[PDB]
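Undergrad: give the three-dimensional model of this entry:
(chains A and B)
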Amino acid sequence: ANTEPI
Amino acid sequence: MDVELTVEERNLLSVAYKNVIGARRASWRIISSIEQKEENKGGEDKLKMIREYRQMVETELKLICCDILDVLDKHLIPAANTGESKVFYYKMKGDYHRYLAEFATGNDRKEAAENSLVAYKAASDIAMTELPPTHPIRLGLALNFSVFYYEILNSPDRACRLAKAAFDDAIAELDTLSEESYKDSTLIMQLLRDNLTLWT
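TA: Numbers count the residues shown, from 1 in each chain, chains lettered A, B, ... in the order given. Shown next is the structure:
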């Protein structure tokens, strides 16, 4: 579960 | 009253806030793991100290998120002209509601998830009708939305369908995107592909 990176 | 932000200002501020949040979110996950480990393993004073900490961290997070959402709803998404910005702010609304749902309880959890899904759906309708399938704001929406599904809504089915769709629409359009435009998007696509191959 990897959400949009900074 | 209203406020409009250039793309670059938007990104600056968004990055800054995500820095803060993510620090607090990861800290929260760690405190909870310690909490569960001790809670299964007994201990008087220590469990009190940990619970009080987790509570304080939840408080900070909810305060920051709620302030973020109140400025979004009050000043930014009313003022949004372009379609990329509309999608941007509605996706942000989804993100901060989702982080609310990440630790929220019972009916507060239910309200947060509902608001997040409304916001992501709004972003989606605009992204379909105004943004190329390779647009990074659209690929970010797709990724965070499918994650929303899988983790919060616990619909692997629907998360994976959303991720695959977004990936393949991109892959399709890819042979027809510029150089300085394609290097601005590869990393989101690979993240959607990674999440997907994970979810099987």
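Undergrad: assign the residue sitting nearest the centre point of chain B to helix, strand or coil.
TA: Most central in chain B under Cα atoms, centre = their mean is residue B:95, positioned 3.0 Å from the mean C-alpha point. When classified by DSSP: H, G, I helix; E, B strand; the rest coil, residue B:95 comes out as helix.
Undergrad: again with residue B:134
TA: Going by three-state DSSP: residue B:134 is coil.
Undergrad: look at it and say how many residues are nearby.
TA: 23 (other Cβ atoms under 10 Å in any protein chain shown). Bear in mind the C-beta positions are built from the backbone N, C-alpha and C, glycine included.
Undergrad: around chain A, pick out the residues from chain B.
TA: With Cβ under 8 Å from any Cβ of the partner chain as the criterion, chain B comes near chain A at residues B:15, B:18-19, B:22, B:95, B:140, B:143-144, B:147, B:150-151, B:187-188, B:191, B:194-195, B:198.
Undergrad: at 10 Å instead, please
TA: For chain B, the contact set with chain A under Cβ under 10 Å from any Cβ of the partner chain comprises B:14-19, B:21-22, B:91, B:95, B:98-99, B:136-137, B:139-148, B:150-152, B:159, B:187-188, B:191-192, B:194-195, B:198-199.
Undergrad: just the ones of the residues you listed in helices?
TA: Residues of the residues of chain B next to chain A located in helices (DSSP state H): B:14-19, B:21-22, B:91, B:95, B:98-99, B:136-137, B:139-147, B:159, B:187-188, B:191-192, B:194-195, B:198.
Undergrad: buried among the residues of chain B next to chain A? Need that as a selection in ChimeraX.
TA: Of those, the buried ones can be selected in ChimeraX as follows, counting by 16 or more other Cβ atoms under 10 Å in any protein chain shown:
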select /B:14,17,18,21,91,95,98,99,136,137,139,140,141,142,143,144,145,146,147,148,150,152,159,188,191,192,195,199
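Undergrad: residue contacts, residue B:113?
TA: Contacts here follow Cβ atoms under 10 Å, 6 or more residues apart in numbering or on different chains; on that basis residue B:113 touches B:97, B:98, B:100, B:101, B:102, B:104, B:148, B:152, B:153.
Undergrad: element containing it?
TA: helix B:106-130 (DSSP states H and E).
Undergrad: so for that helix, what gets flagged as buried?
TA: B:112, B:113, B:115, B:116, B:117, B:119, B:120, B:122, B:123, B:124, B:126, B:127.
Undergrad: so can I have JSON lines of the residues you listed showing distance to residue B:172?
TA: Output for the buried residues of helix B:106-130, formatted as JSON lines (distance: Cβ to Cβ, whole Å):
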{"residue": "B:112", "distance to residue B:172": "34"}
{"residue": "B:113", "distance to residue B:172": "31"}
{"residue": "B:115", "distance to residue B:172": "32"}
{"residue": "B:116", "distance to residue B:172": "28"}
{"residue": "B:117", "distance to residue B:172": "27"}
{"residue": "B:119", "distance to residue B:172": "27"}
{"residue": "B:120", "distance to residue B:172": "22"}
{"residue": "B:122", "distance to residue B:172": "25"}
{"residue": "B:123", "distance to residue B:172": "21"}
{"residue": "B:124", "distance to residue B:172": "18"}
{"residue": "B:126", "distance to residue B:172": "20"}
{"residue": "B:127", "distance to residue B:172": "16"}
